[PDB]
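The block underneath contains the structure these notes are about, expressed in structure tokens.
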Amino acid sequence: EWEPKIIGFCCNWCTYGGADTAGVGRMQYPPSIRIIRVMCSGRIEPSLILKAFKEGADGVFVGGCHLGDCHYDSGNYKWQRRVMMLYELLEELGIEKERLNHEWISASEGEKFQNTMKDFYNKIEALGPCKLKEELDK
Amino acid sequence: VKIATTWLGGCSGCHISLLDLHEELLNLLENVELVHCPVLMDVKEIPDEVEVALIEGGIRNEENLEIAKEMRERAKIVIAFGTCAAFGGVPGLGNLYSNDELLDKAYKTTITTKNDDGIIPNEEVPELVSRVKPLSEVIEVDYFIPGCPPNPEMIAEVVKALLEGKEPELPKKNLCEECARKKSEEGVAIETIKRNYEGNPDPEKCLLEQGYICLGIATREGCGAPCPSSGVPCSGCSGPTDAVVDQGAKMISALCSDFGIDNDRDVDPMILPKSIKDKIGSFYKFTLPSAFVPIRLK
Amino acid sequence: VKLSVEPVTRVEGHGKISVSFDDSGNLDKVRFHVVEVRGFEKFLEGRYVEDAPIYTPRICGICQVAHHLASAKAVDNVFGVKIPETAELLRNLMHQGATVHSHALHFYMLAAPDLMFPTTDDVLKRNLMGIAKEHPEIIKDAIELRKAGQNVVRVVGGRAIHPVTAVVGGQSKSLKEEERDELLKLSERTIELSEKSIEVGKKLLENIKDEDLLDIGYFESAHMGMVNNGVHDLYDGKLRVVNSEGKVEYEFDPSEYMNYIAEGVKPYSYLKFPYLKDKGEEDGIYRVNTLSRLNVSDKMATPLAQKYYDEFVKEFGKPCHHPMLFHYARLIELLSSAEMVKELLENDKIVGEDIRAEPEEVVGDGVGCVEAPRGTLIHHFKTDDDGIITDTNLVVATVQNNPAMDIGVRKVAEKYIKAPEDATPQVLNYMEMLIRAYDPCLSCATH
Ligand code: NFU
Ligand code: SF4
Ligand code: SF4
Ligand code: SF4
Ligand code: FES
Ligand SMILES: [Fe+3]
């Protein structure tokens with residue numbers, strides 16, 4: 001009766017290509033996520049993650065190049081520093097750290113992207129809906 | 001020009017800053033017909049045909065909600081007066097707890113409190129709304145004056161502009177503009193993070209580059225930067241600029257980006273979360289009710 | 001029948017008065033309700049303890065200095081640091097300037113409209129604008145007093161509202177000799193205006209006595225105020241309690257406040273009802289604020305205030321229990337604070353650069369006490385080893401006059417109201433005049 005609402009941010013170069021690779025390979029995974037394209041994972045910031053939770057996101061995914069393989073050299077290192085703060089900020093807000101998932105996925109890694117989507121879906125499905133959207137609506 | 005003020009979940013500071021017009025308060029009141037103001041006059045009901053309304057404080061209880069709606073109906077122009085009305089302010093930290101936790105502390109478990117039947121005040125008093133809300137979240141707000149409290153001149157410019165019929169316009173840059181402290185032209189790099197009691201801050205060097213979480217970079221100008229001038233980091237009380245919605249999120253983004261930037265690929269990304277014990281209190285002092293996530297879930 | 005005075009006006013914060021009548025029409029129950037609360041005591045848990053002087057000023061925009069200093073003192077005990085003397089003088093300097101601003105604000109802009117027009121129908125006239133139109137020089141003196149006090153705060157605290165200089169171990173910045181020089185130059189005018197304020201106070205309280213209003217809300221109680229060898233002090237010393245006959249019951253350090261003070265809860269007000277826990281709810285009623293501080297003190301600390309205070313004691317004795325004479329005590333403190341500003345600006349240690357000591361090991365417990373303009377103010381913080389607040393308790397000034405205000409408004413109703421027809425606009429405003437005499441700050445009292 002209820003399906004997780006998951007939001008994804010994937011870099012254009014590596015992770016967005018990994019999601020394409022999974023589609024070319026007919027690698028099925030749950031239809032919860034919607035992916036938003038950015039050029040680089042360094043484009044991702046806390047406000048975008050928090051904005052998604054505000055809108056109703058039960059889980060948030062971010063995918064970028066492997067560390068060192070950034071198409072723009074070092075965008076992912078900035079993103080990695082931000083997401084570690086964001087994990088613990090989400091806890092101070094009573095949002096399970098597990099509701100946020102960041103992975104490093106290259107364009108060739110369609111299989112890894114498939115199981116990442118499956119592992120994250122099951123994790124969020126077991127957590128149940130995130131109750132933020134329904135508290136603000138009181 | 002009939003104007004009215006009122007206050008909600010604030011501390012009266014915005015009204016006091018209005019009185020800190022000093023001599024100019026009289027010149028202001030000569031040109032304006034003040035028809036309602038609880039702190040200064042005895043008009044009990046908000047009259048009809050109010051042209052301008054200054055509403056201080058955010059929404060903290062059911063009575064605040066009804067007054068905000070009544071003033072919106074009665075007033076032509078509603079102004080969010082101060083940071084509490086605009087962003088939620090310091091009382092917004094109450095959103096980190098349930099009302100039950102807020103009330104049980106004040107009226108049961110405080111050390112000096114004595115309440116044998118364990119009652120929570122409930123007669124002739126309003127209940128709290130579920131969370132502190134900015135004024136714009138419950139009514140339509142036409143203008144706002146940021147600041148905790150807004151400086152007196154800024155209050156003067158906004159109102160006189162509206163008396164003249166011109167739109168008020170706030171300053172738009174972040175705080176480093178007004179601040180007299182010196183930056184590195186090579187850019188901000190942060191080696192370690194210090195709590196404001198640690199070390200001896202150099203009077204002329206930017207406090208953020210010294211390692212102190214300073215909110216000047218994520219805070220609108222206008223105040224004159226008295227806190228960094230006086231030897232302490234900016235706490236962000238004026239709120240974000242027009243191009244930032246979540247002041248705390250942007251400060252975190254900036255802080256994380258430049259932490260260990262000189263050693264970008266090797267600095268451990270877990271040093272920064274572990275060195276900050278109170279994160280919401282570091283970055284959301286005055287604006288938590290207006291953040292994307294304005295509460296702690298329980 | 002039921003009548004409501006809401007909002008109570010020309011006070012800080014949200015309060016209302018209820019008057020109910022039974023089936024016979026006879027006066028039945030009269031209550032003072034405070035209808036606001038924000039919960040600072042709970043949401044301070046989890047914050048950095050050194051940020052407490054940043055949050056607690058936002059309890060109130062009038063007395064933000066008092067909270068800033070009370071939290072700083074508590075923080076100074078949480079860390080095991082003793083601030084250097086120059087820091088002590090700067091904080092007290094800022095404290096006196098704030099008291100000048102607060103007392104002037106209340107007597108002139110909140111209280112005086114009733115003292116000038118106690119029996120008027122013209123409600124749009126009972127405000128500073130009404131005073132300014134018929135006696136403009138009085139409101140301009142009020143403004144110049146506030147401007148002088150706030151100016152002291154801005155210079156020493158960095159901001160006139162919500163100061164930030166009081167940090168762990170002392171002050172974040174020092175006072176410069178040029179700033180010291182112009183503040184000292186300006187201090188003389190503040191003292192003169194305070195003397196003139198006392199004289200107008202005499203005139204307007206005479207007008208009040210002429211109308212048989214000087215004894216409204218009268219009852220007898222204990223009185224609490226901080227003294228320094230029995231000398232009136234707003235910044236440092238021990239808390240002294242005097243019983244209704246003037247006998248000193250106890251003298252205790254503020255760190256022991258919990259062994260002497262208890263706060264009760266009633267269902268009809270967010271404002272609690274303190275009392276001397278030793279004496280109990282009814283016999284332990286005490287008051288704080290201007291007049292209570294005079295009753296407990298042996299003498300004032302400044303010469304000009306001593307003279308008016310001696311003259312006042314000769315006329316009304318010790319202790320004085322009249323609510324409306326809190327106004328006159330407020331004007332004496334107004335002068336004494338003005339004098340103390342000058343005295344502190346003349347103390348050559350005011351411009352010292354040794355303004356802060358390095359914070360020591362974290363004790364984890366700290367109590368900070370100061371006499372706010374509206375009574376004894378206590379900040380009690382407890383932290384963990386990282387200095388993160390785990391528990392806070394705030395006994396904030398006006399809360400301790402809430403029993404006095406609740407008793408007072410019903411004794412005003414007993415004197416003037418027998419039937420609903422007696423609750424005229426002027427009589428209902430009498431009830432608010434009893435409230436206003438105590439200078440209540442209801443955002444502060446509830447926090
Ligand atoms: N004076 C004062 Fe407050 Ni606004 C009260 N009541 C203080 O701590
Ligand atoms: S803004 Fe700063 S000042 Fe104006 S009210 Fe909310 S808190 Fe008191
Ligand atoms: S201090 Fe706070 S404000 Fe002055 S510069 Fe460094 S940051 Fe921008
Ligand atoms: S500085 Fe940061 S804090 Fe001090 S005022 Fe300007 S804004 Fe409010
Ligand atoms: S472009 Fe993919 S992480 Fe930078
Ligand atoms: Fe309390």
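Chains: A, B, ... in order of the structure tokens. Residues: from 1 per chain. Ligands: from 1, in order shown.
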DSSP-assigned helix (DSSP H, G or I) among stretch 28-87 of chain C, expressed as a PyMOL selection string: chain C and resi 40-43+49-59+64-78+85-87
Write out the residues from the selection above, keeping N, CA and C atoms, as a compact mmCIF listing (two decimals), in the first residue's frame.
```
# COMPACT_ATOMS: atom_id res chain seq x y z
N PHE C 40 12.89 28.09 27.26
CA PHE C 40 14.34 28.21 27.22
C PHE C 40 15.01 27.15 28.08
N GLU C 41 14.40 26.81 29.21
CA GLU C 41 15.06 25.90 30.15
C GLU C 41 15.30 24.54 29.51
N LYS C 42 14.41 24.11 28.62
CA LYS C 42 14.56 22.81 27.96
C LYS C 42 15.40 22.89 26.69
N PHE C 43 15.16 23.88 25.82
CA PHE C 43 15.90 23.88 24.57
C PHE C 43 17.31 24.43 24.71
N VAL C 49 27.75 25.32 26.17
CA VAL C 49 27.51 26.13 27.35
C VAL C 49 28.04 27.55 27.16
N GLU C 50 29.12 27.71 26.38
CA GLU C 50 29.66 29.04 26.13
C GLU C 50 28.75 29.88 25.24
N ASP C 51 27.75 29.27 24.60
CA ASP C 51 26.76 30.00 23.82
C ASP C 51 25.58 30.46 24.65
N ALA C 52 25.51 30.09 25.93
CA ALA C 52 24.39 30.53 26.76
C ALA C 52 24.26 32.04 26.82
N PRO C 53 25.34 32.82 26.97
CA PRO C 53 25.20 34.28 26.88
C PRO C 53 24.74 34.78 25.52
N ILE C 54 24.65 33.92 24.52
CA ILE C 54 24.08 34.32 23.23
C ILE C 54 22.58 34.05 23.19
N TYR C 55 22.13 32.93 23.74
CA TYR C 55 20.71 32.58 23.70
C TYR C 55 19.91 33.37 24.74
N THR C 56 20.37 33.38 25.99
CA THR C 56 19.53 33.88 27.07
C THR C 56 19.19 35.36 26.96
N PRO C 57 20.00 36.23 26.37
CA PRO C 57 19.52 37.60 26.14
C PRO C 57 18.23 37.65 25.35
N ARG C 58 18.01 36.68 24.45
CA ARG C 58 16.78 36.64 23.67
C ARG C 58 15.57 36.23 24.49
N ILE C 59 15.74 36.02 25.80
CA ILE C 59 14.60 35.94 26.70
C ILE C 59 13.85 37.26 26.75
N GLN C 64 18.13 42.41 28.30
CA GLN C 64 19.04 41.44 27.69
C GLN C 64 20.43 41.48 28.32
N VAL C 65 20.85 42.63 28.85
CA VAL C 65 22.15 42.72 29.50
C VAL C 65 22.17 41.82 30.74
N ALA C 66 21.13 41.89 31.56
CA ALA C 66 21.11 41.11 32.79
C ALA C 66 21.27 39.62 32.51
N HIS C 67 20.56 39.11 31.50
CA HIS C 67 20.69 37.69 31.16
C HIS C 67 22.07 37.39 30.60
N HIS C 68 22.59 38.28 29.75
CA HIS C 68 23.93 38.10 29.22
C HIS C 68 24.94 37.94 30.34
N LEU C 69 24.84 38.78 31.38
CA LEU C 69 25.79 38.74 32.48
C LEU C 69 25.55 37.55 33.40
N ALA C 70 24.28 37.26 33.69
CA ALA C 70 23.97 36.09 34.51
C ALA C 70 24.48 34.81 33.87
N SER C 71 24.26 34.64 32.56
CA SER C 71 24.79 33.45 31.88
C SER C 71 26.31 33.45 31.88
N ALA C 72 26.92 34.60 31.60
CA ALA C 72 28.38 34.67 31.61
C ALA C 72 28.94 34.26 32.96
N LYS C 73 28.31 34.71 34.05
CA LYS C 73 28.79 34.34 35.38
C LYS C 73 28.64 32.85 35.63
N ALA C 74 27.51 32.27 35.21
CA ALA C 74 27.34 30.83 35.33
C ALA C 74 28.38 30.10 34.50
N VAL C 75 28.60 30.56 33.26
CA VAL C 75 29.62 29.95 32.41
C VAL C 75 30.99 30.08 33.05
N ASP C 76 31.25 31.21 33.72
CA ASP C 76 32.54 31.40 34.37
C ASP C 76 32.75 30.44 35.53
N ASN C 77 31.68 29.90 36.13
CA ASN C 77 31.83 28.87 37.14
C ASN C 77 31.83 27.47 36.55
N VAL C 78 31.12 27.27 35.44
CA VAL C 78 31.17 25.98 34.75
C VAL C 78 32.61 25.64 34.38
N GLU C 85 39.94 41.56 37.30
CA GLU C 85 39.17 42.65 37.89
C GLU C 85 38.62 43.58 36.82
N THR C 86 39.43 43.92 35.82
CA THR C 86 38.97 44.82 34.77
C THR C 86 37.72 44.27 34.10
N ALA C 87 37.65 42.95 33.91
CA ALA C 87 36.45 42.35 33.35
C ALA C 87 35.26 42.57 34.28
```
Residues of chain C within 6 Å of chain B, only C-alpha atoms counted, as number ranges by chain: C: 9-11, 35, 39, 42-43, 47, 59-61, 127, 143, 158, 168, 172-173, 258, 262-265, 267-270, 393
Nearby residues (only C-alpha atoms) at most 12 Å from residue A:13, same-chain spacing under 5 positions excluded, as a list in words: residues 18, 19, 20, 37, 38, 39, 40, 41, 63, 64, 65, 66, 69, 70, 71, 72, 73, 75, 104, 105, 106, 107 and 108 of chain A
Limited to N, CA and C atoms, could you put the picked residues into a file as a compact mmCIF listing (two decimals), in the first residue's frame?
```txt
# COMPACT_ATOMS: atom_id res chain seq x y z
N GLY A 18 26.46 5.06 -15.08
CA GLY A 18 26.23 3.75 -14.49
C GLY A 18 24.76 3.39 -14.47
N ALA A 19 23.89 4.38 -14.26
CA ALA A 19 22.45 4.15 -14.31
C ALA A 19 22.00 3.87 -15.73
N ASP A 20 22.58 4.56 -16.72
CA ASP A 20 22.34 4.23 -18.11
C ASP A 20 22.79 2.81 -18.42
N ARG A 37 20.08 14.96 -12.42
CA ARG A 37 21.41 15.04 -12.99
C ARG A 37 22.11 16.32 -12.56
N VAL A 38 23.38 16.19 -12.18
CA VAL A 38 24.28 17.32 -12.00
C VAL A 38 25.58 16.96 -12.70
N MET A 39 26.36 17.98 -13.03
CA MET A 39 27.62 17.73 -13.73
C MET A 39 28.60 17.00 -12.83
N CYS A 40 28.58 17.31 -11.54
CA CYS A 40 29.58 16.83 -10.61
C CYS A 40 28.93 16.61 -9.26
N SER A 41 29.44 15.63 -8.51
CA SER A 41 28.96 15.42 -7.15
C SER A 41 29.32 16.60 -6.25
N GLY A 63 25.23 9.83 -5.99
CA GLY A 63 26.27 9.07 -6.63
C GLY A 63 27.24 9.94 -7.40
N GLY A 64 28.54 9.69 -7.23
CA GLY A 64 29.58 10.42 -7.92
C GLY A 64 30.68 9.48 -8.38
N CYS A 65 31.70 10.06 -9.00
CA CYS A 65 32.86 9.29 -9.41
C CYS A 65 33.58 8.70 -8.20
N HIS A 66 34.32 7.63 -8.44
CA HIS A 66 35.25 7.14 -7.43
C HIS A 66 36.20 8.27 -7.05
N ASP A 69 38.77 9.88 -9.45
CA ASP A 69 38.30 9.77 -10.83
C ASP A 69 37.32 10.87 -11.21
N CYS A 70 37.22 11.93 -10.41
CA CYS A 70 36.29 13.01 -10.72
C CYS A 70 36.62 13.62 -12.08
N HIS A 71 35.60 13.74 -12.93
CA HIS A 71 35.80 14.37 -14.24
C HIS A 71 36.34 15.79 -14.09
N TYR A 72 36.04 16.43 -12.96
CA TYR A 72 36.56 17.76 -12.63
C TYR A 72 37.59 17.68 -11.51
N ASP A 73 38.35 16.58 -11.48
CA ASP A 73 39.52 16.41 -10.62
C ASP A 73 39.19 16.12 -9.16
N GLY A 75 35.97 17.38 -7.37
CA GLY A 75 34.65 17.77 -6.91
C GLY A 75 34.12 16.85 -5.81
N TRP A 104 30.07 5.70 -4.57
CA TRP A 104 30.94 6.02 -5.69
C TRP A 104 30.73 4.97 -6.77
N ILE A 105 30.21 5.39 -7.92
CA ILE A 105 29.78 4.47 -8.97
C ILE A 105 30.26 5.03 -10.31
N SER A 106 31.08 4.25 -11.02
CA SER A 106 31.58 4.66 -12.33
C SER A 106 30.57 4.31 -13.42
N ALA A 107 30.81 4.84 -14.62
CA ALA A 107 29.88 4.64 -15.74
C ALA A 107 29.78 3.18 -16.17
N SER A 108 30.84 2.40 -15.99
CA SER A 108 30.81 0.99 -16.36
C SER A 108 30.07 0.13 -15.34
```
Residues near residue B:67, cut-off 10 Å, only C-alpha atoms, skip fewer than 5 positions along chain, as number ranges by chain: B: 6-8, 45-46, 55, 59, 62, 72-73
Close residues to ligand 3 using only C-alpha atoms and all ligand atoms, limit 12 Å, as an NGL selection string: :B and (173-184 or 187-190 or 201-221 or 223-236 or 251 or 254-255)
Contacts from chain B to chain A, 6 Å maximum, only C-alpha atoms: show me the residue list as a JSON list (two decimals) with N, CA and C atoms, in the first residue's frame.
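Saved file iface04.json follows:
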```json
[["chain", "number", "residue", "atom", "x", "y", "z"],
["B", 249, "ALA", "N", 22.27, 25.25, 6.25],
["B", 249, "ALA", "CA", 22.75, 24.35, 5.22],
["B", 249, "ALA", "C", 23.88, 24.98, 4.42],
["B", 253, "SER", "N", 27.75, 23.80, 4.07],
["B", 253, "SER", "CA", 28.38, 23.56, 2.77],
["B", 253, "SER", "C", 29.70, 24.30, 2.67],
["B", 256, "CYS", "N", 32.41, 22.90, 5.24],
["B", 256, "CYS", "CA", 32.97, 21.61, 4.83],
["B", 256, "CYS", "C", 33.85, 21.75, 3.59],
["B", 257, "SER", "N", 33.48, 22.64, 2.67],
["B", 257, "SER", "CA", 34.25, 22.78, 1.44],
["B", 257, "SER", "C", 35.68, 23.23, 1.73],
["B", 269, "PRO", "N", 37.58, 13.09, 6.25],
["B", 269, "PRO", "CA", 36.29, 13.80, 6.26],
["B", 269, "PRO", "C", 35.48, 13.65, 7.53],
["B", 273, "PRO", "N", 32.81, 16.60, 11.52],
["B", 273, "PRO", "CA", 31.64, 16.27, 12.34],
["B", 273, "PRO", "C", 31.99, 15.90, 13.78],
["B", 292, "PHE", "N", 14.92, 23.93, 5.92],
["B", 292, "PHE", "CA", 14.17, 22.91, 5.21],
["B", 292, "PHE", "C", 13.64, 21.87, 6.18],
["B", 293, "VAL", "N", 14.46, 21.46, 7.15],
["B", 293, "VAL", "CA", 14.01, 20.61, 8.24],
["B", 293, "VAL", "C", 13.97, 21.47, 9.50],
["B", 296, "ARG", "N", 13.20, 18.59, 15.06],
["B", 296, "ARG", "CA", 13.76, 17.27, 15.28],
["B", 296, "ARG", "C", 12.61, 16.28, 15.40],
["B", 297, "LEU", "N", 12.67, 15.21, 14.61],
["B", 297, "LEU", "CA", 11.64, 14.19, 14.67],
["B", 297, "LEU", "C", 11.79, 13.35, 15.94]]
```
Long-range neighbours of stretch 352-362 of chain C as a ChimeraX atom specification, 7 Å cut-off, only C-alpha atoms, 6 positions minimum in chain: /C:78-81,83-84,86-87,168-171,174,385,387
Would you put the residues from that selection into a file with C-alpha atoms, as a PDB file, in the first residue's frame?
```pdb
ATOM      1  CA  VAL C  78      31.171  25.978  34.747  1.00  0.00           C
ATOM      2  CA  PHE C  79      34.701  26.518  33.571  1.00  0.00           C
ATOM      3  CA  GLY C  80      36.865  26.916  36.640  1.00  0.00           C
ATOM      4  CA  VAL C  81      37.872  30.454  35.688  1.00  0.00           C
ATOM      5  CA  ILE C  83      37.706  36.639  35.569  1.00  0.00           C
ATOM      6  CA  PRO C  84      40.215  39.482  36.123  1.00  0.00           C
ATOM      7  CA  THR C  86      38.973  44.821  34.772  1.00  0.00           C
ATOM      8  CA  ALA C  87      36.449  42.351  33.351  1.00  0.00           C
ATOM      9  CA  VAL C 168      34.400  32.679  28.979  1.00  0.00           C
ATOM     10  CA  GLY C 169      36.883  34.081  31.466  1.00  0.00           C
ATOM     11  CA  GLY C 170      36.192  37.782  31.044  1.00  0.00           C
ATOM     12  CA  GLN C 171      35.536  40.208  28.204  1.00  0.00           C
ATOM     13  CA  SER C 174      38.543  46.077  26.301  1.00  0.00           C
ATOM     14  CA  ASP C 385      32.692  16.875  30.257  1.00  0.00           C
ATOM     15  CA  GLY C 387      30.721  21.472  28.229  1.00  0.00           C
TER      16      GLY C 387
END
```
Check which residues of chain C sit at most 8 Å from ligand 6 using only C-alpha atoms and all ligand atoms, and return one row each with the closest pair of atoms and their distance in Å to one decimal, ordered by chain and rising number, as JSON lines.
```
{"residue": "C:41", "atom": "CA", "partner": "ligand 6", "partner_atom_place_in_ligand_line": "1 (Fe)", "distance": 6.8}
{"residue": "C:393", "atom": "CA", "partner": "ligand 6", "partner_atom_place_in_ligand_line": "1 (Fe)", "distance": 5.5}
{"residue": "C:394", "atom": "CA", "partner": "ligand 6", "partner_atom_place_in_ligand_line": "1 (Fe)", "distance": 3.9}
{"residue": "C:395", "atom": "CA", "partner": "ligand 6", "partner_atom_place_in_ligand_line": "1 (Fe)", "distance": 4.6}
{"residue": "C:396", "atom": "CA", "partner": "ligand 6", "partner_atom_place_in_ligand_line": "1 (Fe)", "distance": 6.4}
{"residue": "C:445", "atom": "CA", "partner": "ligand 6", "partner_atom_place_in_ligand_line": "1 (Fe)", "distance": 7.5}
{"residue": "C:446", "atom": "CA", "partner": "ligand 6", "partner_atom_place_in_ligand_line": "1 (Fe)", "distance": 6.7}
{"residue": "C:447", "atom": "CA", "partner": "ligand 6", "partner_atom_place_in_ligand_line": "1 (Fe)", "distance": 6.8}
```
For those residues, write N, CA and C atoms to a file as a compact mmCIF listing (two decimals), in the first residue's frame.
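Result file is out01.txt:
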```
# COMPACT_ATOMS: atom_id res chain seq x y z
N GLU C 41 14.40 26.81 29.21
CA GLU C 41 15.06 25.90 30.15
C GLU C 41 15.30 24.54 29.51
N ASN C 393 18.12 25.68 34.82
CA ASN C 393 17.00 26.25 35.55
C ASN C 393 17.19 27.76 35.59
N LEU C 394 16.11 28.50 35.37
CA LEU C 394 16.15 29.95 35.35
C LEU C 394 15.09 30.49 36.29
N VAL C 395 15.52 31.19 37.33
CA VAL C 395 14.62 31.94 38.20
C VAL C 395 14.78 33.40 37.79
N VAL C 396 13.80 33.91 37.05
CA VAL C 396 13.94 35.17 36.33
C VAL C 396 13.04 36.20 37.01
N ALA C 445 9.66 36.51 32.79
CA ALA C 445 9.19 35.72 33.91
C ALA C 445 8.88 34.28 33.50
N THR C 446 8.40 34.08 32.28
CA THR C 446 8.05 32.74 31.81
C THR C 446 9.22 32.05 31.11
N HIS C 447 10.00 32.79 30.34
CA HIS C 447 11.09 32.25 29.52
C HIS C 447 10.77 30.88 28.92
```
Residue A:124 environment, 7 Å, only C-alpha atoms, sequence neighbours closer than 5 positions dropped, as JSON, numbers by chain: {"A": [4, 58, 59, 99]}
Stretch 189-425 of chain C: residues DSSP assigns to strand (DSSP E or B), reported as a ChimeraX atom specification: /C:222-228,231-232,238-242,248-252,261-264,273-276,286-287,299,356,362,365-372,375-383,388-396
Near-residue C:295 list (8 Å; only C-alpha atoms; drop same-chain fewer than 3 positions) as a list in words: residues 223, 242, 246, 291, 292, 318, 319 and 320 of chain C
Surrounding residues as a VMD selection string, ligand 1, max 8 Å, only C-alpha atoms and all ligand atoms: chain C and resid 12 59 to 64 66 to 67 102 371 to 378 396 to 399 439 to 445
Contact table chain C vs ligand 4, cut-off 10 Å, shortest pair per residue, only C-alpha atoms and all ligand atoms, as JSON lines:
```
{"residue": "C:54", "atom": "CA", "partner": "ligand 4", "partner_atom_place_in_ligand_line": "3 (S)", "distance": 9.3}
{"residue": "C:158", "atom": "CA", "partner": "ligand 4", "partner_atom_place_in_ligand_line": "4 (Fe)", "distance": 8.3}
{"residue": "C:159", "atom": "CA", "partner": "ligand 4", "partner_atom_place_in_ligand_line": "4 (Fe)", "distance": 7.8}
{"residue": "C:161", "atom": "CA", "partner": "ligand 4", "partner_atom_place_in_ligand_line": "5 (S)", "distance": 9.8}
{"residue": "C:162", "atom": "CA", "partner": "ligand 4", "partner_atom_place_in_ligand_line": "4 (Fe)", "distance": 8.7}
{"residue": "C:163", "atom": "CA", "partner": "ligand 4", "partner_atom_place_in_ligand_line": "4 (Fe)", "distance": 8.6}
{"residue": "C:164", "atom": "CA", "partner": "ligand 4", "partner_atom_place_in_ligand_line": "4 (Fe)", "distance": 7.7}
```
Suppose we keep C-alpha atoms; can you now write the selection as a compact mmCIF listing (two decimals), in the first residue's frame?
```
# COMPACT_ATOMS: atom_id res chain seq x y z
CA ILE C 54 24.08 34.32 23.23
CA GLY C 158 29.20 45.72 21.37
CA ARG C 159 25.44 46.15 20.88
CA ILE C 161 20.45 45.21 22.55
CA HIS C 162 21.86 41.69 23.07
CA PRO C 163 25.48 42.44 24.03
CA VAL C 164 28.20 39.91 23.18
```
